[PDB]
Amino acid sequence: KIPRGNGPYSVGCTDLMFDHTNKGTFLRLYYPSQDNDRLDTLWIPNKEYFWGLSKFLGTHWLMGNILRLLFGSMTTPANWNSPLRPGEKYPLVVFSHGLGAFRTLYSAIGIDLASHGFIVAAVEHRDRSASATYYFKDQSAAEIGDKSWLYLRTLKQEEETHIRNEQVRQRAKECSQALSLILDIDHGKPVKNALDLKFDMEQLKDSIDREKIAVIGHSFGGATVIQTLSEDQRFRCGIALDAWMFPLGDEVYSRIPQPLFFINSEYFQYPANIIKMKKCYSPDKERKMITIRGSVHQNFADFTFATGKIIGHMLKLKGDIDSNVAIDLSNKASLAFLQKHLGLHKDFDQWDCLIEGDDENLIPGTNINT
């Protein structure tokens, strides 16, 4: 269902939580793998994520059990806990999920990046923007595996502006903290994974190309990309996938020195949002924008592959365009942009035309009038 990566490398996957608290880092790692004979990765790994999704969709908790029945055994094509492919320093992408999502729902992107030689750290935010997430109250709880769950916060109309901005700021701090953790692991720092999994983090020592770091994200995660870039210069460039610009404070628009690429869906965008994207532009800064023809907001997330065409188009999970075609365009254009602004010595420049929207299923810039 969820597509395999298009690159030459097999892909592995694991989870890392450090420290064990609600202030620690929680991420799902996708990486180039040595082996390809392991069990596939469980897509949504706990029942509480389904209860969280039901609250996010506005239905009763019992609908969560129905979602669990339909999707609870589904996997994604990544070798769970497989050894890292040795003998090469890989560039790093930190990925930020949308409102109501969590770390595991962008594996199509994560797996494809990893298949082309990236390590991808998909963060799980503890700002109450995730449908659900978990942590451990103290050291004892972590030992026995007694999880404390944190669910999505519903906002009153009056809370919107202030709380969304507090959330995007926390999200940015979580992205920076995840980077610092991965870089420390790269420089041999011993870390006790709060989750007891058969993947030794010592394998990641000397595995990261420390200057080739990017941040990518969808919707609320797209705003997170921009906030993160403005406050952490260790990130060399960013790619915002159908960014939702509402959470950003007025101050961030003029302080994004890094190259920034907006990849939009045809049907999600609107003038107020496009105007905010245009405020990030300046003659001295590198900016690109493309729109995928026939695509919808959900083409960037994994649920676009989870159902058939009829049920998909009804639930707003698919657009007029084929989902595999849409994600290939976003992923290939992303690789070209990454090679250019991280200075990679790969063949991703074969997709440079996609950065300019030069393709039958792409629109240069945007279809929205402002």
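The term rigid core refers to the most C-alpha atoms you can superpose between the two forms while keeping them within 1.5 Å. Residue indices: 1-based, along the sequence shown.
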I'd like to know which segment deviates more from the shown structure in 9 other deposited structures of this protein: 239-247 or 143-151, using C-alpha RMS over all structures and residues after a core fit. 143-151
Quick one: core-superposed, which stretch strays further from the shown model in 9 other deposited structures of this protein, 198-206 or 134-142? Go by RMS C-alpha distance. 134-142
In the PDB record, does 211-219 or 284-292 carry the higher mean Cα temperature factor? 284-292
Of 266-274 and 153-161, the one with larger mean CA B-factor: 153-161
Among the candidates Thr41, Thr304, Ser54, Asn331, give the one with the maximum CA B-factor reported in the record. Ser54
In the PDB entry, which of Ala326, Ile310, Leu335, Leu29 has its C-alpha at the highest B-factor? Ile310
For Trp61, does the deposited CA B-factor place it in the lowest, middle or highest third of the chain? highest
If you rank the chain by CA B-factor, which third does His125 end up in: lowest, middle or highest? lowest
Record-listed C-alpha B factor of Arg169: chain third: lowest
Grab the CA temperature factor for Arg103 from the record and place it in the lowest, middle or highest third of its chain. lowest
Looking at the temperature factor on the CA atom of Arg234, which third of the chain's modelled residues does it land in? lowest
